[PDB]
Amino acid sequence: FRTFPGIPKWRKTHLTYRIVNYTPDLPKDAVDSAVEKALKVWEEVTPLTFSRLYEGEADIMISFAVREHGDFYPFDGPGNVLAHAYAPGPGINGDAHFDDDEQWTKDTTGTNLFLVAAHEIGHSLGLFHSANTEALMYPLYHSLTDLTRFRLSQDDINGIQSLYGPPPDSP
Ligand SMILES: N=C(N)NCc1ccccc1CCCCCCCCCC(=O)N[C@H](CCCCN)C(=O)NO
Ligand SMILES: [Ca+2]
Ligand SMILES: [Ca+2]
Ligand SMILES: [Ca+2]
Ligand SMILES: [Zn+2]
Ligand SMILES: [Zn+2]
């Protein structure tokens, strides 16, 4: 696995997130659910937990945008770049932006928000891209991915636990 230069990481266990805006592609509940599920994937392999804020500045600010949207990395329209996130830290760091020129769906008919979100939260937590072709952190989306068999690879777990450690206990 790979981390960010300087190995940035959250210095606290209880993190907060907030959905800044909503895409027209899906109903609000579908967006909230996808994000919650993406966060759950990581909470179960670390001693971290997440709480939602509806106002103010949360650690992880989530939003949808198109083309130029404020940062040094404008989106490219439909296809190619699907989203991007920033390493742990204050301000824009830890935030995740989704390209709304993509057709976000709850399933795989279009671009599954859950899968992409899970990958982005990986960056928000301090993980960069992996060369391991089975890792969630390997930068490649495929429409034929089977959601029912989704799970983190050992490379993703090793990586995230090298930063925050494993959960205090297990079933
Ligand atoms: N087959 C495997 N292992 N797939 C994982 C994987 C494993 C298990 C289940 C699903 C997936 C796919 C998750 C989707 C990951 C996103 C795919 C990358 C799309 C292109 C993109 O948006 N790239 C930017 C890079 C921007 C750089 C611009 N210079 C990025 O990465 N942002 O975060
Ligand atoms: Ca932030
Ligand atoms: Ca795009
Ligand atoms: Ca869209
Ligand atoms: Zn952005
Ligand atoms: Zn990525």
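To match Swiss-Prot, the residue numbers of chain A are left as they are there, and the shown ones run 100-270.
Per the header: X-ray crystallography, 2.0 Å.
Using the three backbone atoms N, Cα and C, a Cβ is placed for every residue, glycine included.
For the Ca(2+) 2 site, Swiss-Prot gives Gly190, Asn192, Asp194; the one candidate out of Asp158, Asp175, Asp206 that the record lists there too is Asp158. When the candidates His196, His218 are compared with the Zn(2+) 1 site entry in Swiss-Prot, which names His168, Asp170, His183, the shared residue is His196. If you draw a 10 Å sphere around the CB of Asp194 (Ca(2+) 2 binding site), it holds 23 other CB atoms from the protein chains shown. The binding-site residues near ligand 3, defined by a Cβ under 6 Å from one of its atoms, are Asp175, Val180, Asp198, chosen from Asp175, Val180, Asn192, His196, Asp198.
Put simply, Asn192 (Ca(2+) 2 binding site) is 25 Å from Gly178 (Ca(2+) 3 binding site) when counted between their Cα atoms. Here the binding-site residues are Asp175, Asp199, and the one whose Cβ sees the fewest other Cβ atoms within 10 Å is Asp175.
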